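Asks: quick one, fold the following:
(2 chains)
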2 protein chains.
Amino acid sequence: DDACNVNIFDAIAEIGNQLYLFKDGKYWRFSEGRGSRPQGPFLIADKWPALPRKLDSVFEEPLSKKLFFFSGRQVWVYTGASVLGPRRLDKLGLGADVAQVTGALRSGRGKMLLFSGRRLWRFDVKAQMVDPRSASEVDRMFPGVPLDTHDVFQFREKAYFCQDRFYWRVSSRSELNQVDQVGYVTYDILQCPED
Amino acid sequence: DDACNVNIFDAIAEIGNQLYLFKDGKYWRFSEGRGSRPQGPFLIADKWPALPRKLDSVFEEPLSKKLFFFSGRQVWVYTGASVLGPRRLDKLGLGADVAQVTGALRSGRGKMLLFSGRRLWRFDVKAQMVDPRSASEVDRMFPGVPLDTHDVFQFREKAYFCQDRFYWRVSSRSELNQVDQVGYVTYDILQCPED
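Replies: Residues are numbered from 1 along each chain as shown, chains lettered A, B, ... in the order given. Structure as follows:
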């Protein structure tokens, strides 16, 4: 329906020079700019027919542009129209106790951070495998972020932790992380008109 | 007009069993509860006719209950209707390089912490003095907090650092300070309605 009426998006992710928002089998696109508004709604199945109804998180590889979609304990990897999956999360090195992936962020060169609620792991892009000793508690790495965040995504070199209809933007200062802003997904991003 | 429409309060401080909010020669009084709204606005000139229109910070000294008001390189100390000041910050032992006081928090017994942007100092209440050698950086003592905060105050035994219209809350434990909450001063504190 209207992206501006959505309170909690199933998943959000930057794909190329645009931001994609997903919700119950539908998606919208958004580009930064004056007068810019959300484009859509579009049907996920029209573009990505192998995906389930509700996604948990999605992310685009900065270089190859491969697209990772997560839902429950299943992961899909699209390279254009060609899909690889579904595969179990353990095929990425994630433990059997990981029920879902709720986000991802770029880390060092050739590294990512995969989230699952209060936990996170380091992910090596080259091997497409989670690093062994990398399990960490989000709270310590990202103080100020809500403990019940449902989606974590990177947009314009910044991290966004979503909870309810808001987001907690995070920036970094000399190997440390801190929230630098709090705002509405619809109003502060998407530039939706108010009342 | 309405405290809920204010983005950046000049200063915030808890006096007695209420939270006072100041902005452009105006102030409000807030008391927690189910439905309790911010009372006001009231004229600062009415209660404290010696104070300037714009303040930087204010705090109630725990032991004596006197009120310390800061504005620029000046400080006013109120004991009921009796006023002491204005005096330059140097009278409290603050160095001549201190442009202003952005806040304060209780420290050890009889000790107070005074803030000025990125810097802070130890203040002895009994002697009403600050040793320039106690200089410390908020950045190292309070990690996870923004570099340039415009107000620092205590509320409900918790420390609040403010920037823009947000606050970074900090609770003490393991002698290591950490941000355990970040949000809107209006929505979270004051309980102002969203949107």
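
Asks: get me the contact residues on chain A for chain B.
Replies: Proximity of chain A to chain B is confined to A:143-145, A:168, A:173, A:176-182, A:194-195 under the rule CB under 8 Å from any CB of the partner chain. Where C-beta positions appear, they are placed from N, C-alpha and C, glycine not excepted.

Asks: whichever of the residues you listed end up buried, select them in ChimeraX.
Replies: The ChimeraX command for the buried members of the residues of chain A next to chain B (criterion: 16 or more other CB atoms under 10 Å in any protein chain shown) is given here:
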select /A:143,144,145,168,177,178,179,180,181,182
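
Asks: export the residues of chain A next to chain B as CSV, with columns for secondary structure.
Replies: Rendered in CSV, the data for these read as follows (DSSP: H, G, I helix; E, B strand; the rest coil):
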residue, secondary structure
A:143, coil
A:144, coil
A:145, coil
A:168, strand
A:173, strand
A:176, strand
A:177, strand
A:178, strand
A:179, strand
A:180, strand
A:181, strand
A:182, strand
A:194, coil
A:195, coil
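
Asks: now for the residues of chain A next to chain B: which two are most distant?
Replies: Greatest spatial distance among the residues of chain A next to chain B (CB to CB): A:176 and A:195, at 38.6 Å.

Asks: hang on, residue A:68 packs against residue A:77?
Replies: Yes: in this structure, residue A:68 is within contact of residue A:77 by CB atoms under 8 Å, at 5.6 Å.

Asks: so which of the two has more stuff around it?
Replies: Neighbour tally, residue A:68 and residue A:77, criterion other CB atoms under 10 Å in any protein chain shown: the higher count belongs to residue A:68, 23 against 17.

Asks: ok so the more buried one is a strand residue?
Replies: Yes: according to three-state DSSP, residue A:68 belongs to a strand.

Asks: which ones are touching the residue nearest the centre of chain A?
Replies: Nearest to the geometric centre of chain A sits residue A:153, at 3.7 Å (CA atoms, centre = their mean). By CB atoms under 8 Å, 6 or more residues apart in numbering or on different chains, the contact set of residue A:153 is A:11, A:12, A:13, A:14, A:57, A:59, A:103, A:104, A:105, A:159, A:160, A:162.

Asks: and these, which two are furthest apart?
Replies: Greatest spatial distance among the contacts of residue A:153 (CB to CB): A:11 and A:159, at 15.0 Å.

Asks: returning to that earlier point: I'd like the next helix or strand past the helix or strand hosting the residue nearest to the centre of chain A.
Replies: Element membership for residue A:153 (DSSP states H and E) is strand A:151-155. Per DSSP H and E, the first helix or strand lying C-terminal to strand A:151-155 is strand A:158-163.

Asks: okay, now the sheet partners of that next one, with direction.
Replies: Sheet pairing of strand A:158-163 (DSSP bridges) gives strand A:151-155 (antiparallel), strand A:166-173 (antiparallel).

Asks: buried deepest among those strands, which one?
Replies: Across the strands paired with strand A:158-163, averaging neighbours per residue (mean count of other CB atoms under 10 Å in any protein chain shown) puts strand A:151-155 on top, at a mean of 23.
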